[PDB]
file protein22.cif (mmCIF, C-alpha atoms and all ligand atoms)
data_entry
#
loop_
_atom_site.label_atom_id
_atom_site.label_comp_id
_atom_site.auth_asym_id
_atom_site.auth_seq_id
_atom_site.Cartn_x
_atom_site.Cartn_y
_atom_site.Cartn_z
CA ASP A 1 0.00 0.00 0.00
CA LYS A 2 1.11 3.67 0.06
CA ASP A 3 0.20 4.68 3.64
CA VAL A 4 2.37 3.59 6.60
CA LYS A 5 1.23 0.59 8.73
CA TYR A 6 -2.02 1.94 10.14
CA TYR A 7 -3.42 -0.99 12.21
CA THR A 8 -6.79 -1.22 14.00
CA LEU A 9 -7.43 -2.01 17.68
CA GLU A 10 -8.88 -5.45 16.91
CA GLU A 11 -5.94 -6.39 14.67
CA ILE A 12 -3.38 -5.17 17.23
CA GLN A 13 -5.39 -6.98 19.97
CA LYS A 14 -4.87 -10.18 17.91
CA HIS A 15 -1.08 -9.47 17.99
CA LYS A 16 -0.83 -10.44 21.67
CA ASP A 17 -0.60 -14.23 21.73
CA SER A 18 1.31 -17.35 20.60
CA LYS A 19 4.63 -15.48 20.20
CA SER A 20 3.66 -12.00 18.95
CA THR A 21 3.41 -9.33 21.67
CA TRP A 22 2.55 -5.88 20.30
CA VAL A 23 1.66 -2.77 22.32
CA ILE A 24 0.07 0.53 21.30
CA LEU A 25 1.98 3.37 22.98
CA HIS A 26 0.78 6.90 22.11
CA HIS A 27 -0.38 7.63 18.51
CA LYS A 28 1.79 4.80 17.07
CA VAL A 29 2.15 0.98 17.26
CA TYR A 30 5.25 -0.89 18.42
CA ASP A 31 6.25 -4.53 17.85
CA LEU A 32 8.40 -5.77 20.75
CA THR A 33 8.26 -9.48 19.81
CA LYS A 34 12.08 -9.68 19.57
CA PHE A 35 12.45 -7.03 22.34
CA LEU A 36 10.80 -9.05 25.16
CA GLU A 37 14.01 -10.20 26.89
CA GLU A 38 16.15 -7.39 25.38
CA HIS A 39 13.94 -4.78 27.16
CA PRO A 40 16.12 -3.49 30.07
CA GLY A 41 13.30 -4.23 32.51
CA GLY A 42 12.02 -7.63 31.34
CA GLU A 43 9.64 -9.57 29.17
CA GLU A 44 6.85 -10.17 31.70
CA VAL A 45 6.35 -6.49 32.64
CA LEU A 46 6.12 -5.84 28.87
CA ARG A 47 3.89 -8.84 28.01
CA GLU A 48 1.67 -8.15 31.09
CA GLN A 49 -0.98 -6.34 29.04
CA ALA A 50 0.01 -6.62 25.37
CA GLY A 51 -2.19 -5.61 22.37
CA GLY A 52 -3.87 -2.67 24.14
CA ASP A 53 -3.01 0.82 25.44
CA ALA A 54 0.11 0.23 27.44
CA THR A 55 0.71 4.03 27.13
CA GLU A 56 -0.70 4.53 30.65
CA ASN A 57 1.69 1.83 31.98
CA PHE A 58 4.69 3.19 30.04
CA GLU A 59 3.89 6.79 31.21
CA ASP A 60 3.24 5.71 34.85
CA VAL A 61 6.89 4.60 34.90
CA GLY A 62 7.61 7.68 32.68
CA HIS A 63 10.66 6.06 30.98
CA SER A 64 13.87 7.86 29.96
CA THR A 65 14.17 9.61 26.58
CA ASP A 66 16.35 6.69 25.38
CA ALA A 67 13.16 4.63 25.42
CA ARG A 68 11.29 7.36 23.41
CA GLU A 69 13.87 7.02 20.61
CA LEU A 70 14.34 3.23 20.90
CA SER A 71 10.53 3.10 20.65
CA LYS A 72 10.82 4.71 17.17
CA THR A 73 13.29 1.94 16.23
CA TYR A 74 10.39 -0.51 17.02
CA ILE A 75 7.76 1.54 15.14
CA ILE A 76 5.97 -0.85 12.80
CA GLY A 77 3.20 1.61 11.84
CA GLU A 78 0.40 3.64 13.47
CA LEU A 79 -3.01 3.44 15.18
CA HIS A 80 -5.77 3.38 12.50
CA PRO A 81 -7.40 6.81 11.84
CA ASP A 82 -10.71 5.17 12.91
CA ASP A 83 -10.11 5.38 16.72
CA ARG A 84 -8.40 8.80 16.21
CA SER A 85 -11.51 11.00 16.49
CA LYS A 86 -11.48 9.60 20.07
CA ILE A 87 -7.86 8.97 21.18
CA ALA A 88 -9.41 8.54 24.67
CA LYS A 89 -9.17 4.82 25.56
CA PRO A 90 -10.28 3.98 29.14
CA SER A 91 -8.43 0.74 30.00
CA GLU A 92 -6.65 -0.84 32.98
CA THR A 93 -4.37 1.51 34.98
CA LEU A 94 -2.50 -1.09 37.08
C1 LIG B 1 8.24 1.17 23.14
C2 LIG B 1 8.39 0.17 24.02
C3 LIG B 1 9.36 0.30 25.17
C4 LIG B 1 10.70 0.57 25.08
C5 LIG B 1 11.49 0.84 23.82
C6 LIG B 1 11.20 0.52 26.43
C7 LIG B 1 12.52 0.81 26.78
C8 LIG B 1 12.96 0.77 28.10
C9 LIG B 1 14.28 1.17 28.52
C10 LIG B 1 15.38 1.69 27.63
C11 LIG B 1 14.34 0.99 29.89
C12 LIG B 1 15.47 1.31 30.83
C13 LIG B 1 15.19 2.56 31.69
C14 LIG B 1 15.34 3.87 30.92
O1 LIG B 1 14.48 4.17 30.07
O2 LIG B 1 16.31 4.59 31.25
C15 LIG B 1 13.06 0.47 30.31
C16 LIG B 1 12.77 0.14 31.63
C17 LIG B 1 11.54 -0.31 32.08
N1 LIG B 1 10.41 -0.50 31.35
FE1 LIG B 1 10.28 -0.17 29.29
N2 LIG B 1 10.16 0.16 27.26
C18 LIG B 1 9.01 0.04 26.54
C19 LIG B 1 7.73 -0.28 26.96
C20 LIG B 1 7.42 -0.63 28.28
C21 LIG B 1 6.10 -0.95 28.75
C22 LIG B 1 4.81 -0.88 27.97
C23 LIG B 1 6.23 -1.31 30.07
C24 LIG B 1 5.07 -1.57 31.01
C25 LIG B 1 4.05 -2.39 30.67
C26 LIG B 1 7.59 -1.11 30.48
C27 LIG B 1 8.07 -1.25 31.79
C28 LIG B 1 9.39 -0.95 32.15
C29 LIG B 1 9.93 -1.06 33.49
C30 LIG B 1 9.19 -1.55 34.71
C31 LIG B 1 11.24 -0.64 33.45
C32 LIG B 1 12.18 -0.52 34.62
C33 LIG B 1 12.80 -1.85 35.05
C34 LIG B 1 13.30 -1.79 36.49
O3 LIG B 1 13.91 -0.76 36.84
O4 LIG B 1 13.04 -2.78 37.22
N3 LIG B 1 8.28 -0.72 29.35
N4 LIG B 1 12.27 0.39 29.22
#
call {"tool": "encode", "arguments": {"input": "protein22.cif", "output": "structure tokens", "more": "lines below"}}
Ligand code: HEM
result
Amino acid sequence: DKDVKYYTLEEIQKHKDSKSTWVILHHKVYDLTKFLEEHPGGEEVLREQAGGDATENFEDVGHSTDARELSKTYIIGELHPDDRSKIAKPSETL
């Protein structure tokens, strides 16, 4: 296609099992499937939610700017323009 990798909530929510753990973090989508162990913090903490707004979780901990750039290195594509009129996504806080 010509657009980026705009993926929908349902699709991303399917990328959280078997051995594909995605997370949506801000207005973009990140594959961390080969970052699980590599993540300086762990797999489990990262796979805890998966395929949902982990933004709240990521922002709770805040993260250093290193992570904000390294995040871009994991950028597969973006959150579909569908759920963009309402970025608001009430989910688990933890
Ligand atoms: C874009 C995806 C992410 C990247 C690239 C990333 C990167 C990093 C990096 C570089 C660190 C080391 C601390 C620092 O930033 O200076 C870190 C630590 C950590 N991250 Fe992430 N992270 C991501 C997503 C997440 C998410 C969604 C969670 C929560 C569900 C999480 C939980 C943690 C925790 C708990 C630590 C601290 C470990 C500890 O001190 O015990 N991270 N992350």
call {"tool": "residues_near_ligand", "arguments": {"input": "protein22.cif", "ligand": "ligand LIG 1 (chain B)", "cutoff": "6 Å", "atoms": "only C-alpha atoms and all ligand atoms", "output": "VMD selection string"}}
result
chain A and resid 30 39 to 41 45 to 46 54 57 to 58 63 to 64 66 to 67 70 to 71
call {"tool": "closest_residue", "arguments": {"input": "protein22.cif", "among": "A:88, A:18, A:2, A:25", "to": "residue 52 (chain A)", "atoms": "only C-alpha atoms"}}
result
A:25
call {"tool": "residues_around", "arguments": {"input": "protein22.cif", "residues": "region 82-86 of chain A", "least_positions_apart": "4", "cutoff": "10 Å", "atoms": "all atoms listed in the file", "output": "NGL selection string"}}
result
:A and (6-9 or 27)
call {"tool": "residues_around", "arguments": {"input": "protein22.cif", "residues": "residue 15 (chain A)", "least_positions_apart": "6", "cutoff": "6 Å", "atoms": "all atoms listed in the file", "output": "PyMOL selection string"}}
result
chain A and resi 21-22+51
call {"tool": "write_last_selection", "arguments": {"input": "protein22.cif", "atoms": "C-alpha atoms", "output": "short mmCIF file (atom, residue, chain, number, x, y, z; two decimals), in the frame of the given file"}}
result
data_model
loop_
_atom_site.label_atom_id
_atom_site.label_comp_id
_atom_site.auth_asym_id
_atom_site.auth_seq_id
_atom_site.Cartn_x
_atom_site.Cartn_y
_atom_site.Cartn_z
CA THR A 21 3.41 -9.33 21.67
CA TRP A 22 2.55 -5.88 20.30
CA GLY A 51 -2.19 -5.61 22.37
#
call {"tool": "axis_aligned_box", "arguments": {"input": "protein22.cif", "around": "region 36-48 of chain A", "padding_each_side": "6 Å", "output": "JSON"}}
result
{"center_x": 8.9, "center_y": -6.8, "center_z": 28.9, "size_x": 26.5, "size_y": 18.7, "size_z": 19.5}
call {"tool": "residues_around", "arguments": {"input": "protein22.cif", "residues": "residue 26 (chain A)", "least_positions_apart": "3", "cutoff": "8 Å", "atoms": "only C-alpha atoms", "output": "list in words"}}
result
residues 29, 53 and 55 of chain A
call {"tool": "atom_distance", "arguments": {"input": "protein22.cif", "atom1": "CA of residue 13 (chain A)", "atom2": "CA of residue 69 (chain A)"}}
result
23.8 Å
call {"tool": "atom_distance", "arguments": {"input": "protein22.cif", "atom1": "CA of residue 77 (chain A)", "atom2": "CA of residue 28 (chain A)"}}
result
6.3 Å
call {"tool": "closest_residue", "arguments": {"input": "protein22.cif", "among": "A:68, A:76, A:19, A:60", "to": "residue 93 (chain A)", "atoms": "only C-alpha atoms"}}
result
A:60
call {"tool": "atom_distance", "arguments": {"input": "protein22.cif", "atom1": "CA of residue 89 (chain A)", "atom2": "CA of residue 38 (chain A)"}}
result
28.1 Å
call {"tool": "closest_residue", "arguments": {"input": "protein22.cif", "among": "A:4, A:32, A:23, A:12", "to": "residue 50 (chain A)", "atoms": "only C-alpha atoms"}}
result
A:23
call {"tool": "decode", "arguments": {"input": "protein22.cif", "residues": "region 11-43 of chain A", "atoms": "N, CA, C and O atoms", "output": "PDB file, in the first residue's frame"}}
result
ATOM      1  N   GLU A  11      -7.097  -5.744  15.263  1.00  0.00           N
ATOM      2  CA  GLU A  11      -5.939  -6.388  14.667  1.00  0.00           C
ATOM      3  C   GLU A  11      -4.791  -6.414  15.679  1.00  0.00           C
ATOM      4  O   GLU A  11      -4.259  -7.473  16.012  1.00  0.00           O
ATOM      5  N   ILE A  12      -4.448  -5.258  16.248  1.00  0.00           N
ATOM      6  CA  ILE A  12      -3.379  -5.175  17.234  1.00  0.00           C
ATOM      7  C   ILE A  12      -3.676  -6.084  18.437  1.00  0.00           C
ATOM      8  O   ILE A  12      -2.793  -6.785  18.925  1.00  0.00           O
ATOM      9  N   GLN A  13      -4.929  -6.120  18.890  1.00  0.00           N
ATOM     10  CA  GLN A  13      -5.394  -6.983  19.969  1.00  0.00           C
ATOM     11  C   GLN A  13      -5.246  -8.467  19.614  1.00  0.00           C
ATOM     12  O   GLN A  13      -5.181  -9.299  20.517  1.00  0.00           O
ATOM     13  N   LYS A  14      -5.162  -8.817  18.328  1.00  0.00           N
ATOM     14  CA  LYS A  14      -4.866 -10.177  17.912  1.00  0.00           C
ATOM     15  C   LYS A  14      -3.353 -10.427  17.967  1.00  0.00           C
ATOM     16  O   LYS A  14      -2.925 -11.548  18.238  1.00  0.00           O
ATOM     17  N   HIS A  15      -2.528  -9.387  17.808  1.00  0.00           N
ATOM     18  CA  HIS A  15      -1.082  -9.470  17.988  1.00  0.00           C
ATOM     19  C   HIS A  15      -0.708  -9.372  19.476  1.00  0.00           C
ATOM     20  O   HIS A  15       0.079  -8.520  19.892  1.00  0.00           O
ATOM     21  N   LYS A  16      -1.238 -10.292  20.283  1.00  0.00           N
ATOM     22  CA  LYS A  16      -0.825 -10.440  21.674  1.00  0.00           C
ATOM     23  C   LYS A  16      -1.026 -11.874  22.141  1.00  0.00           C
ATOM     24  O   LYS A  16      -1.603 -12.110  23.202  1.00  0.00           O
ATOM     25  N   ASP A  17      -0.543 -12.833  21.350  1.00  0.00           N
ATOM     26  CA  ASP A  17      -0.602 -14.231  21.733  1.00  0.00           C
ATOM     27  C   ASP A  17       0.382 -15.065  20.928  1.00  0.00           C
ATOM     28  O   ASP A  17       1.123 -14.524  20.101  1.00  0.00           O
ATOM     29  N   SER A  18       0.391 -16.376  21.189  1.00  0.00           N
ATOM     30  CA  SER A  18       1.312 -17.349  20.602  1.00  0.00           C
ATOM     31  C   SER A  18       2.765 -16.944  20.870  1.00  0.00           C
ATOM     32  O   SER A  18       3.381 -17.424  21.817  1.00  0.00           O
ATOM     33  N   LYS A  19       3.304 -16.049  20.041  1.00  0.00           N
ATOM     34  CA  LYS A  19       4.630 -15.479  20.201  1.00  0.00           C
ATOM     35  C   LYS A  19       4.720 -14.168  19.414  1.00  0.00           C
ATOM     36  O   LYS A  19       5.729 -13.899  18.769  1.00  0.00           O
ATOM     37  N   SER A  20       3.670 -13.346  19.487  1.00  0.00           N
ATOM     38  CA  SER A  20       3.658 -11.997  18.945  1.00  0.00           C
ATOM     39  C   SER A  20       3.017 -11.092  19.987  1.00  0.00           C
ATOM     40  O   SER A  20       1.808 -11.176  20.185  1.00  0.00           O
ATOM     41  N   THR A  21       3.830 -10.283  20.670  1.00  0.00           N
ATOM     42  CA  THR A  21       3.414  -9.327  21.674  1.00  0.00           C
ATOM     43  C   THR A  21       3.638  -7.927  21.103  1.00  0.00           C
ATOM     44  O   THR A  21       4.771  -7.446  21.041  1.00  0.00           O
ATOM     45  N   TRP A  22       2.555  -7.286  20.666  1.00  0.00           N
ATOM     46  CA  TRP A  22       2.552  -5.877  20.303  1.00  0.00           C
ATOM     47  C   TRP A  22       2.055  -5.049  21.478  1.00  0.00           C
ATOM     48  O   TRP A  22       1.470  -5.592  22.413  1.00  0.00           O
ATOM     49  N   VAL A  23       2.256  -3.735  21.410  1.00  0.00           N
ATOM     50  CA  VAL A  23       1.660  -2.773  22.322  1.00  0.00           C
ATOM     51  C   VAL A  23       1.417  -1.490  21.529  1.00  0.00           C
ATOM     52  O   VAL A  23       2.218  -1.140  20.656  1.00  0.00           O
ATOM     53  N   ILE A  24       0.307  -0.802  21.814  1.00  0.00           N
ATOM     54  CA  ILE A  24       0.066   0.532  21.296  1.00  0.00           C
ATOM     55  C   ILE A  24       0.498   1.503  22.393  1.00  0.00           C
ATOM     56  O   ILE A  24       0.121   1.333  23.556  1.00  0.00           O
ATOM     57  N   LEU A  25       1.395   2.428  22.044  1.00  0.00           N
ATOM     58  CA  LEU A  25       1.978   3.375  22.979  1.00  0.00           C
ATOM     59  C   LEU A  25       1.923   4.730  22.283  1.00  0.00           C
ATOM     60  O   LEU A  25       2.597   4.933  21.276  1.00  0.00           O
ATOM     61  N   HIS A  26       1.091   5.642  22.782  1.00  0.00           N
ATOM     62  CA  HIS A  26       0.784   6.902  22.112  1.00  0.00           C
ATOM     63  C   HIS A  26       0.184   6.642  20.717  1.00  0.00           C
ATOM     64  O   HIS A  26      -0.259   5.539  20.401  1.00  0.00           O
ATOM     65  N   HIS A  27       0.172   7.668  19.861  1.00  0.00           N
ATOM     66  CA  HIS A  27      -0.377   7.627  18.507  1.00  0.00           C
ATOM     67  C   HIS A  27       0.580   6.885  17.570  1.00  0.00           C
ATOM     68  O   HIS A  27       1.014   7.448  16.565  1.00  0.00           O
ATOM     69  N   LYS A  28       0.968   5.657  17.912  1.00  0.00           N
ATOM     70  CA  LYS A  28       1.786   4.802  17.072  1.00  0.00           C
ATOM     71  C   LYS A  28       1.832   3.386  17.660  1.00  0.00           C
ATOM     72  O   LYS A  28       1.548   3.214  18.847  1.00  0.00           O
ATOM     73  N   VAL A  29       2.152   2.380  16.836  1.00  0.00           N
ATOM     74  CA  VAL A  29       2.149   0.980  17.256  1.00  0.00           C
ATOM     75  C   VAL A  29       3.570   0.428  17.216  1.00  0.00           C
ATOM     76  O   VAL A  29       4.324   0.710  16.279  1.00  0.00           O
ATOM     77  N   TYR A  30       3.917  -0.363  18.235  1.00  0.00           N
ATOM     78  CA  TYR A  30       5.254  -0.890  18.420  1.00  0.00           C
ATOM     79  C   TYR A  30       5.200  -2.414  18.535  1.00  0.00           C
ATOM     80  O   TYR A  30       4.439  -2.950  19.347  1.00  0.00           O
ATOM     81  N   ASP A  31       6.006  -3.102  17.714  1.00  0.00           N
ATOM     82  CA  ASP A  31       6.253  -4.532  17.852  1.00  0.00           C
ATOM     83  C   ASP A  31       7.451  -4.685  18.777  1.00  0.00           C
ATOM     84  O   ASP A  31       8.476  -4.041  18.559  1.00  0.00           O
ATOM     85  N   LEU A  32       7.314  -5.507  19.818  1.00  0.00           N
ATOM     86  CA  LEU A  32       8.398  -5.775  20.748  1.00  0.00           C
ATOM     87  C   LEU A  32       8.629  -7.281  20.864  1.00  0.00           C
ATOM     88  O   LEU A  32       9.176  -7.767  21.852  1.00  0.00           O
ATOM     89  N   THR A  33       8.257  -8.029  19.828  1.00  0.00           N
ATOM     90  CA  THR A  33       8.264  -9.479  19.814  1.00  0.00           C
ATOM     91  C   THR A  33       9.682 -10.029  19.960  1.00  0.00           C
ATOM     92  O   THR A  33       9.882 -11.023  20.654  1.00  0.00           O
ATOM     93  N   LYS A  34      10.676  -9.370  19.354  1.00  0.00           N
ATOM     94  CA  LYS A  34      12.083  -9.682  19.572  1.00  0.00           C
ATOM     95  C   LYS A  34      12.740  -8.695  20.545  1.00  0.00           C
ATOM     96  O   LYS A  34      13.963  -8.595  20.572  1.00  0.00           O
ATOM     97  N   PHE A  35      11.948  -7.973  21.342  1.00  0.00           N
ATOM     98  CA  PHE A  35      12.448  -7.032  22.339  1.00  0.00           C
ATOM     99  C   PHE A  35      12.071  -7.483  23.752  1.00  0.00           C
ATOM    100  O   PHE A  35      12.512  -6.880  24.720  1.00  0.00           O
ATOM    101  N   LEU A  36      11.284  -8.555  23.888  1.00  0.00           N
ATOM    102  CA  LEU A  36      10.795  -9.045  25.165  1.00  0.00           C
ATOM    103  C   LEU A  36      11.922  -9.157  26.201  1.00  0.00           C
ATOM    104  O   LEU A  36      11.910  -8.457  27.209  1.00  0.00           O
ATOM    105  N   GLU A  37      12.904 -10.026  25.959  1.00  0.00           N
ATOM    106  CA  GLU A  37      14.011 -10.203  26.894  1.00  0.00           C
ATOM    107  C   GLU A  37      14.966  -9.003  26.836  1.00  0.00           C
ATOM    108  O   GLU A  37      15.440  -8.530  27.867  1.00  0.00           O
ATOM    109  N   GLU A  38      15.242  -8.512  25.622  1.00  0.00           N
ATOM    110  CA  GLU A  38      16.150  -7.393  25.378  1.00  0.00           C
ATOM    111  C   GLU A  38      15.766  -6.146  26.192  1.00  0.00           C
ATOM    112  O   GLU A  38      16.645  -5.410  26.636  1.00  0.00           O
ATOM    113  N   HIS A  39      14.466  -5.892  26.375  1.00  0.00           N
ATOM    114  CA  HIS A  39      13.943  -4.780  27.156  1.00  0.00           C
ATOM    115  C   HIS A  39      14.633  -4.708  28.523  1.00  0.00           C
ATOM    116  O   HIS A  39      14.422  -5.610  29.339  1.00  0.00           O
ATOM    117  N   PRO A  40      15.428  -3.654  28.802  1.00  0.00           N
ATOM    118  CA  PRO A  40      16.122  -3.492  30.071  1.00  0.00           C
ATOM    119  C   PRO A  40      15.100  -3.208  31.173  1.00  0.00           C
ATOM    120  O   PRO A  40      14.900  -2.071  31.593  1.00  0.00           O
ATOM    121  N   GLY A  41      14.437  -4.273  31.615  1.00  0.00           N
ATOM    122  CA  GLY A  41      13.302  -4.225  32.511  1.00  0.00           C
ATOM    123  C   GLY A  41      12.548  -5.550  32.505  1.00  0.00           C
ATOM    124  O   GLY A  41      11.986  -5.921  33.532  1.00  0.00           O
ATOM    125  N   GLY A  42      12.551  -6.280  31.381  1.00  0.00           N
ATOM    126  CA  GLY A  42      12.018  -7.631  31.341  1.00  0.00           C
ATOM    127  C   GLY A  42      10.991  -7.872  30.263  1.00  0.00           C
ATOM    128  O   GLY A  42      10.434  -6.936  29.693  1.00  0.00           O
ATOM    129  N   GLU A  43      10.682  -9.154  30.077  1.00  0.00           N
ATOM    130  CA  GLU A  43       9.640  -9.570  29.172  1.00  0.00           C
ATOM    131  C   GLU A  43       8.297  -9.416  29.884  1.00  0.00           C
ATOM    132  O   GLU A  43       7.397  -8.765  29.362  1.00  0.00           O
TER     133      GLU A  43
END
